[PDB]
Amino acid sequence: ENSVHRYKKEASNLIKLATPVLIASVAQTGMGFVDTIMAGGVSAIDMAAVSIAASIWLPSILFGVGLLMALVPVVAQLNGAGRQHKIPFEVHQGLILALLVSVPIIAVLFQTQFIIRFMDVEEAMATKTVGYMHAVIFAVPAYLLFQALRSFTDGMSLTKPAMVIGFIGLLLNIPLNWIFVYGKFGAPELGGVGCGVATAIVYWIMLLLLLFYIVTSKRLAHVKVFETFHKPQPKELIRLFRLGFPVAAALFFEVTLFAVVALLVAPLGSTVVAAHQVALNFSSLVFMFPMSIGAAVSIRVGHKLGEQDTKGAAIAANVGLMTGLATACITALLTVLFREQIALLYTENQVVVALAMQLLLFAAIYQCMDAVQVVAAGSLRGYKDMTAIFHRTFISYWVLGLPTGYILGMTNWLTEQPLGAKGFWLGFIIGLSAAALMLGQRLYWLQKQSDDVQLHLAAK
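The authors' numbering puts the first residue of the sequence shown at 2, with every later residue one more than the last.
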């Protein structure tokens, strides 16, 4: 029984969802930069790439309130072999909320696009291009919900829909991007105009894999048909909301606070690209890894809490912890070596490269640290209202860290640093550090008793 059934199930359930996600994510980010920067980027005399870039900084704040949704349908708990039914209706509500969110974000979108921050050349271009092509990017969230119930949740948890709309995703982007971003043959449109349509069509498929792999269930069913409005259950959408708040806010509000410190301390030189290229680009992908484990557990631990009301805590949690480590430990190590060329991330000169290389290292440490903080936090706790209180613990990791790790690279700006830039980068590590440990202190909390239903009497 000790671990025999853990490493066993852990093994399965873990990598199970993992591979689908880890790969799937590769799609999102993948198809993302690929058809986007490459095409409408290294095509429109570079004034195309970064264009859509900052542009996307925005479709970033969005994905924010996007996990709002996400956690909502990690509620694939109302399937711990339990109330297998009613879940169809829960969703319908989550999705309705999907719209209720997209629009509040149409706001953000349409208006900032219609005003931007400054003015150079991207403006009209990547701006409204994405403007409406991103009214389209509101149709995604909707999908994102599908994803939530199926892809992500998947009845109980069958995330094949990863590689589905995934491989297909990036794939159909390109041909559809060729033509629209360029390829006339129908209507040739500026580069960033095709990234825009890159996604418009992205949801063509998105909607497809959605309706199809879901209402179709080439395996399960016990699906949807005839849905309705709601205010009370939407007060449960206010449970979805009083969850999506602690998720959307949390992780992505932090996205801003990430850009904050970052930029706040971007006034150091070319060391921008140093730390920027370094940390961001790479570690953004490295994190993609622990993120993958995160949800894997989060749902393995939600379905496991929902069925036998067993110690998924044991399984899902501590495996996640165990493994996430293993990998962020694997990639932390796999990074010390592969720094250099990796460093040669952006195809440029030395530039940081060496110092980039210095940063690369700070990263490994972030990799691993981040990992625990990730799986641990967002998942295990991601399985219920702890999303709320753990968020607290989350933003606590931010103030302590950044304001201090920042003031720690800034301790160079005080005590000292054999490079303060890289330095406070590490200061950030003191962030992920406190966080990871902060959530480890939100450990089961008393472990779990009939208090789990306290999470099902607060989640219903």
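We put the beta carbon where it would ideally sit given N, CA and C, even for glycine.
- Proximity of the segment 389-402 to the segment 248-255 meets the contact definition, three or more beta-carbon pairs being nearer than 8 Å.
- Taking a contact as a CB-CB distance under 8 Å, the pair residue 73 and residue 297 does not count as one, their CB atoms being some 18 Å apart.
- Counted as a single uninterrupted DSSP element, the alpha helix (DSSP H) harbouring residue 336 occupies residues 319-344.
- Contact annotation: residue 410 and residue 431 have beta-carbon atoms that are not nearer than 7 Å.
- The straight-line gap separating the alpha-carbon atoms of residue 17 and residue 377 is approximately 18 Å.
- Boundaries of the alpha helix (DSSP H) around residue 371: 354-375.
- Its chain contains no residue whose beta carbon lies nearer than 6 Å to that of residue 417 once the 5 sequence neighbours on both sides are disregarded.
- Counting other Cβ atoms within 10 Å of its Cβ, residue 223 stays below 16 and is therefore classed as exposed.
- For residue 3, there is no enclosing alpha helix (DSSP H), as DSSP gives it neither H nor E.
- Residue 157 sits in coil when the DSSP states are folded into three classes, being neither helix nor strand.
- Proximity to residue 156 across 85, 124, 217 and 131 peaks at 85, based on C-alpha coordinates.
- Note on the segment 121-175: whole alpha helix (DSSP H) runs with a minimum of 4 residues are 125-134 and 140-148, in chain order.
- Apart from sequence neighbours up to five positions away, the residues of its chain that approach residue 27 with a beta-carbon distance below 8 Å are 167 and 289, ordered along the chain.
- Here residue 436 has 374 and 398 as same chain residues with Cβ atoms under 6 Å from its own Cβ, once five neighbours each way along the sequence are excluded.
- Just measuring C-alpha positions, the residue of 385, 423 and 455 sitting nearest residue 76 is 385.
- Cβ contact annotation for residue 459 (same chain, cutoff 7 Å, sequence separation greater than five): 386, in chain order.
- In this structure, the alpha-carbon of residue 233 lies about 37 Å from that of residue 371.
- Annotation for residue 427: the continuous alpha helix (DSSP H) segment containing it runs 421-441.
- For residue 344, the closest alpha carbon among the candidates 364, 329, 331 and 326 is that of 364.
- Straight across, the Cα-Cα distance linking residue 355 with residue 52 is about 28 Å.
- Of the residues assessed, residue 457 falls on the buried side of the cut-off, its CB having 16 or more other CB atoms within 10 angstroms.
- Under the three-state reduction of DSSP, residue 223 is assigned to coil, being neither helix nor strand.
- If you draw a straight line from the Cα of residue 122 to the Cα of residue 192, it is about 13 Å long.
- At a Cβ-Cβ threshold of 7 Å, residue 33 and residue 307 do not count as neighbours.
- Contact annotation: the segment 180-195 does not touch the segment 209-224, with fewer than three C-beta pairs closer than 8 Å.
- In the same chain as residue 262, and ignoring 5 residues on each side of it, the C-beta atoms closer than 6 Å to its own belong to 403 and 407, in chain order.
- In the assembly as shown, residue 176 is an exposed residue. Its beta-carbon has fewer than 16 other beta-carbons within 10 Å.
- Here residue 14 is buried: its Cβ has 16 or more other Cβ atoms, across all protein chains shown, within 10 Å.
- Taking the C-beta atoms as reference points, residue 249 is found no nearer than 7 Å to residue 59.
- Following the DSSP letters along the chain, one finds residue 292 inside the alpha helix (DSSP H) bounded by residues 285-307.
- Look at residue 107 here: in three-state DSSP terms it is helix.
- Straight across, the Cα-Cα distance linking residue 9 with residue 236 is about 39 Å.
- Around residue 39, the same chain offers no residue with a beta carbon nearer than 6 Å, after the five sequence neighbours per side are excluded.
- Leaving aside the five residues that flank residue 440 on each side, the residues in its chain whose CB is nearer than 7 Å to its CB run, in chain order, 374, 377, 378, 382, 391 and 394.
- The criterion of a C-beta distance shorter than 7 Å is satisfied by residue 368 and residue 329.
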